[PDB]
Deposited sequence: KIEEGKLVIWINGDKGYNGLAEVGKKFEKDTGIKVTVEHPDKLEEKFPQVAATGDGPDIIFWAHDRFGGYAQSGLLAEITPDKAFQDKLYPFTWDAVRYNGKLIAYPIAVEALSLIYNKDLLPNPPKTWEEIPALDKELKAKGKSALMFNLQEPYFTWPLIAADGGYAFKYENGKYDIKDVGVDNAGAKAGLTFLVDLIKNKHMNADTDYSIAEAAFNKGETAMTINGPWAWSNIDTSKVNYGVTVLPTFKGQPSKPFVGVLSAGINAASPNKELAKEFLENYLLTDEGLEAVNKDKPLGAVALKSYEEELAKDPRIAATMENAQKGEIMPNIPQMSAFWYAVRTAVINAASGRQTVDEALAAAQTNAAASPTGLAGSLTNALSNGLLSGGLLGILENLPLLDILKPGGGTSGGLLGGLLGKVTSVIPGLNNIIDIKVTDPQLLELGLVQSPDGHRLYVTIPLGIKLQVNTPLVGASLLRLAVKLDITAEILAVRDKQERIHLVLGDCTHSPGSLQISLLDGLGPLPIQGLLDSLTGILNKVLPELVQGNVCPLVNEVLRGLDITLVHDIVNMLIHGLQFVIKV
């Protein structure tokens, strides 16, 4: 049903689709190839539905955060722009479109929250959150407010909360580590505590939401609000004389708003991928293409350096790009769904006083990471937690020999499935510090173990530990702030002393697993199906 020899494009109705149509027109003129631009309602749920059947548009436009999901589900083609082309766009925008080290879409535009202020009430807006309480005091005396913005959505409260070391999921080269969330830290505790205080001191109301803050600002009741470029046109109407600027710092740290990147993906089912590439690279992403779209409906800041340079002559667009640069690319993976919820709850519970800052944050810090995985992730999670509660840290710390062993860690477990699918091998990295105190060392080494499915007498079928031993090359010693003497020794002592105090624990942990996880794993090993991801 996808036609070869033309291009169908889907983009949201609040974007500049007519302008984009004009781009398609120039394209047809040069190449003769026809371009159709549609804006179906709920295109973001429609694309995965139709694309999964091998139908849909050749190119889908949408915020980059969905694209991760689409990639996992095989819906998106890898895009192949040359480095010369890549130089044309800001690097961080290319990071918004990475999935597993690959480019999955073309960045188009960028948006982030900014501080929006009323120039008649507040000609010189504050550079720090801390000076807001004092400013609210003055203004109430003049019968007005310092600051009003939506506290109902964690999107709006996140810039403050995450200002010091906060993050959603840790980014590593196109990959997010879904087990590593940054919601809870001193930064987050301070930021959220500050917000809650502003509510206790009546500088804000806990029940303030988008509509209330928008009205209050657009009616000139409050001096400041926090919002994005989509809000601008309503203020243009309001006649309020406004400016848009960098978000205030908290404890000298920049605010850390989430960054959305409007992006263009190519349908993995499209017969037109090369034409799509040609259209996107040579037609749409140019001063001219972007101009067409922007004049139809404004893009805000854009990913194309040349055109962004023009737009940023507009100080609000410039401010938007500045807040983006200081901000956090929204993770492009579906687990964000748990994150939002975890965080939403926490904030609402904190501002209502239903929970303390620390408890809301601690719950959230746990729940954001709690999305269930398939067998491989479940197994490695289960094994790690098992070893930890089985007291493996103690076993390391209390390893015998002047010396003090410290900082025992379980590292990230590895997993390998036999090519035939019938066999399974676990790598358990372990670490400790040695104090020769003076002369501190970091030791790391692996224990590898086989996991086996075994029927015994007869229909009884179980999951048992194969050979549990040190990994031969694995031992690595590292100076911290003699050897090869020490290491020379540790090579012939350590691996055996570790593996002997451990393999038994590994053996108990295997048995302590959820019984259905065990049955499903066994069931797949028997029939030799691969649930394990090549790394």
Stretches of the record's deposited sequence for which the structure holds no C-alpha atoms: 402-434, 471-477, 522-530
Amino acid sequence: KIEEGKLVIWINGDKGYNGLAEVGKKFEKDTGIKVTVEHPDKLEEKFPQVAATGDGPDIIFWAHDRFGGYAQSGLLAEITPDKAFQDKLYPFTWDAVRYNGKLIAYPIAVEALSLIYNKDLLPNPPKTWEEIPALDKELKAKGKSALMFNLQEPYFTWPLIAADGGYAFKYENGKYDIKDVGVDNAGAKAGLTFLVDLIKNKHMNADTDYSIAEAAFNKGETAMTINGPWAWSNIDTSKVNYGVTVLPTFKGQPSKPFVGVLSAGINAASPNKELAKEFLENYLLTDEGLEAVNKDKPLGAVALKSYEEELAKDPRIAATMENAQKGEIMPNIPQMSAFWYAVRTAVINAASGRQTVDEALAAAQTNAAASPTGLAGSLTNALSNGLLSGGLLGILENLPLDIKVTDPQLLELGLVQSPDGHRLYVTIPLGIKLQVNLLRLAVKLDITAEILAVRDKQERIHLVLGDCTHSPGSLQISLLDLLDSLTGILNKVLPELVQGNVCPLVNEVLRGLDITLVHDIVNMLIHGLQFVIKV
From here on, numbers count along this sequence of modelled residues.
205-213 versus 224-232 - greater average Cα B-factor per the deposited record: 205-213
Segment of higher mean CA temperature factor, 20-28 or 521-529: 521-529
Criterion, highest CA B-factor; candidates, 282, 417, 378, 80: 417
From 277, 256, 142, 297, residue of greatest CA B-factor: 142
Position of residue 479 among the chain's modelled residues by C-alpha B-factor, lowest, middle or highest third: middle
Cα B factor band for residue 48 (lowest, middle or highest third within the chain): middle
Relative C-alpha B-factor of residue 510, binned into the chain's lowest, middle or highest third: middle
Where the record places residue 349 (Cα B-factor, split into thirds across the chain): highest
CA B-factor placement of residue 328, once the chain's modelled residues are sorted into thirds: lowest
